[PDB]
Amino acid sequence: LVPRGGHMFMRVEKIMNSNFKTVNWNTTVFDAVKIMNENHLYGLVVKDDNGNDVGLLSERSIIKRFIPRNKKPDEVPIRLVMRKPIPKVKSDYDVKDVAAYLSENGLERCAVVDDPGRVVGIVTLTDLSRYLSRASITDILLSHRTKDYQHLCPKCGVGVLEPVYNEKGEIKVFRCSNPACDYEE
């Protein structure tokens, strides 16, 4: 953490966490959370088996998408829980622009990618709190409580994955909203 002092403007790249951790998408919720608890890191980058960055696992994603399934954490691969596609902003974004992105999506952290598209870090509300106005911080906090990230289907990439519940309120599957797509997970 490079000390920089408060400034109205600030390039995300300069304040993001370059020492982020990446986990495989088949990692269980149990094993992923062990990593979070151990490192006191509540945001992990998720890659598929070919090295593609496919999502981001956060605390809220676990509370919103894992718990409702009502299964043991060692029985659910994080691919079914992570925010996907991976939430992200460009490394040259000002903190203000990053704030707007997080708020628009109800997030409190996202990945940062460089021009060629590589994930170079993770930026959180904590990171941003040193530069954002108090009003901007409250906005992100309120948006995170009230809004949920829109997860897109990995099969057609266009449809929105919506939850399908049963009589117990359990999430049986998340189903692609795309009429032309028949995907469920």
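Note that residue numbering follows the sequence shown and begins at 1.
The PDB entry records a higher mean C-alpha B factor for 155 to 163 than for its counterpart among 50 to 58 and 155 to 163. The question of which stretch, 92 to 100 or 76 to 84, has the higher mean Cα B factor is settled in favour of 92 to 100. Highest C-alpha temperature factor among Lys64, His144, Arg134, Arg69, as the PDB entry reports it: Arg134. Ranked within its chain, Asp115 lands in the highest third, by CA B factor from the PDB record. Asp139: CA B factor lies in the middle third for its chain, per the PDB record.
Remark: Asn39 belongs to the highest third of its chain, ranked by C-alpha B-factor as recorded. Per the PDB record, residue ranking by Cα B-factor puts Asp127 in the middle third of the chain.
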